[PDB]
Structures are given as C-alpha cells and as structure tokens.
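K.L.:
sharing an experimental structure here, sequence included.
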Amino acid sequence: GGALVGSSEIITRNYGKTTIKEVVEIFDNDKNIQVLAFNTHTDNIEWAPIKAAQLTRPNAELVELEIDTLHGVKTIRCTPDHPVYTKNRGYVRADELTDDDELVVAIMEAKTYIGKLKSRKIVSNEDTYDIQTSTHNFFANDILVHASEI
Ligand code: NA
Ligand code: NA
Ligand code: NA
Ligand code: NA
Ligand code: NA
Ligand code: NA
C-alpha cells in the first residue's frame, strides 16, 4: 500500500539513521536489519526486524506533511494513502489527517511525544519505497507510520 520518498529517515539498530532508499539497498544482501517501531498494545517503542524492503511504487503521487513536534517541525513526503498512526482514532490515511489527530513521535530511541498536523500539500511525484516489519509499523522521520504487507 502506502510508500515513502527515498530520503525518509529510518532508525536502524545496526546501521544507525539511514534513508529508506539506503535500507532497501542494504537489505538486498543483509537480511538482519531492525528498525525503531512501536508496540500499539503496550504503547512502548520496540525494535522490529525488517522482513521486506523495496521500491514499490515508481513515480507515485505524494503529499508533504508538516508535523509540529516537541523538537520543532518535522516533514514527511508519502503517498496520499500512506497510513499514519494516531492515538485518538488508530491509523489514518495521510490525506485524511486533521489538526485534531494525535500523532506519535519518537523524541529519542526510548521516548515518544504527541505530534500535531501543521499542514498538508500536494508535491510532485517521486519513486517511493516501503518496508515490512514484525510490528506492521516503523518510525519514518521520527513519525510512526503503518507498514502494510498486502
Ligand atoms: Na507500505
Ligand atoms: Na546509516
Ligand atoms: Na545475504
Ligand atoms: Na487509541
Ligand atoms: Na479510526
Ligand atoms: Na493544504
């Protein structure tokens, strides 16, 4: 389903912060990569093994989200259908988030804090990437997003 531009930052356990484009290249040979993610049951950050990583959607349509966070404005470019986790109503398509939704932001490898939508706009198409993880989610540019497998 949803996918991310290649410059979106992933927090890996063994390669440090890494763009998702570079993760896809590394995962072609190294199948042991874990990424910072989130257990929605216990509400705890967890490391999640990657099970797949690819350029899924070439020249895909995109929005750019600006998210107000504890540390200032974070931006993410993702397909309009990419789901973003909210604490108030579960996963929400990027193009359906509102300023009432409560996003989950990793402010360090072991703490989270609420994020709030600042703005959303269409941007020009790009090749997009995604990964599959054991938690069906991961942090992208410190924002908790969904990782589909179908
Ligand atoms: Na995806
Ligand atoms: Na890296
Ligand atoms: Na290998
Ligand atoms: Na909730
Ligand atoms: Na919902
Ligand atoms: Na707008």
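P.N.:
Perfect, thanks for sending it. Numbering: from 1, shown residues only. Ligands and ions are numbered 1, 2, ... in the order given.

K.L.:
skipping its backbone neighbours, what lies nearest residue 11 in space?
P.N.:
Distances taken as C-beta to C-beta, 6 or more residues apart in numbering put residue 36 closest to residue 11, at 3.8 Å, once the chain neighbours are dropped. In this view, the C-beta of every residue, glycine as well, is placed from N, C-alpha and C.

K.L.:
Three-state assignment for the one you found, please.
P.N.:
With DSSP: H, G, I helix; E, B strand; the rest coil as the basis, residue 36 sits in strand.

K.L.:
how much space between the nearest residue to residue 129 once chain neighbours are set aside and ligand 1?
P.N.:
Spatially, and ignoring its direct neighbours in sequence, residue 129 is nearest to residue 20 (4.6 Å; C-beta to C-beta, 6+ apart). For residue 20, the distance to ligand 1 equals 10 Å [C-beta to the ion, to the nearest Å].

K.L.:
in terms of contact, does residue 20 touch residue 11 like I think?
P.N.:
No: assessed by C-beta atoms under 8 Å, residue 20 is found out of contact with residue 11, at 11.0 Å.

K.L.:
and the protein, which residues reach ligand 1?
P.N.:
Proximity of the chain to ligand 1, by C-beta under 5 Å from the ion, involves residues 2, 130, 148.

K.L.:
please list the members of those residues that lie in helices.
P.N.:
Here DSSP state H is the test, and the residues of the chain next to ligand 1 give no hits in helices at all.

K.L.:
ok so, going back, neighbours of the residue nearest to residue 129, how many?
P.N.:
Using other C-beta atoms under 10 Å, residue 20 is surrounded by 25 other residues.

K.L.:
which residues sit in contact with residue 105?
P.N.:
Neighbour list for residue 105: 67, 69-70, 74, 112-115, 142-144 [criterion: C-beta atoms under 8 Å, 6 or more residues apart in numbering].

K.L.:
could you say which helix or strand holds it?
P.N.:
Taking DSSP states H and E as the definition, residue 105 sits inside strand 103-108.
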